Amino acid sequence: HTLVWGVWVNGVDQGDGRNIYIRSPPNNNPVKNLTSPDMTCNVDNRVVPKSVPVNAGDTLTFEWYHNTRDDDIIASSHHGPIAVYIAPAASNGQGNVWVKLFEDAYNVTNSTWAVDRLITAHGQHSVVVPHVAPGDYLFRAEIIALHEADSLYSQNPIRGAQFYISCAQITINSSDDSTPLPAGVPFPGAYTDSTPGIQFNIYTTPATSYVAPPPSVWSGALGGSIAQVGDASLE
């Protein structure tokens, strides 16, 4: 159970984005139905009044929270991966449009899930804004909690992989467009009952065997991190 509070740009807090530049749902409950229209941008996908200005190469940091800013972020039971996707805003997230910029799942080197490191990072994870065409974009940040994922939701609706999905409205101003954004995958549709990484038993299957759901990270992606970029409590 987690939500995005807002974003940072080059380590500068853009301030509370909820219902402003984030297409905030009404609560922190997960999406679980893989075929739901709610897979695109969660249950209340509409244009919000603001879009955060960025340039290609900027560090764009998403900041999550559970109940209040810079709290426990997400229950520690909610082990799983984190991804970030981009689509042109004109699509409203419809069609074959989502391109993956970032994936982190289970890190063998430090024996931790992305969500574990998200909590340590005070809810902050970043991407480098890619060299796509200037314009308006949706950045879809997705946490998959796998603590009940041994079942398919389609078999047992009380269980299933949990998707915490947040779409931020970002405007890319300066960009050399050296990596034009290609077509991507649809949400809903990219994840199905048979997709690797959706049905996974964290209790009995080693995390060193976990493969996050495709698609793979785009060749044009510039990278990211899970790391605290700013101190919320210095406000």
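When you see a residue number, it is the position in the sequence shown, counting from 1.
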Say you rank 28, 68, 61, 33 by Cα B-factor from the PDB entry; which sits at the top? 68
Comparing recorded Cα B-factors across 108, 101, 141, 87, which one is largest? 108
Mind checking which third residue 185 falls in for C-alpha B-factor across the chain? middle
Rank-wise, by C-alpha B-factor, drop residue 194 into the lowest, middle or highest third of its chain. highest
Which third, lowest, middle or highest, does the CA B-factor of residue 126 fall in along this chain? middle
Among the chain's modelled residues, which third holds the C-alpha B-factor of residue 166? lowest
If you rank every modelled residue in this chain by C-alpha B factor, which third holds residue 82: lowest, middle or highest? lowest
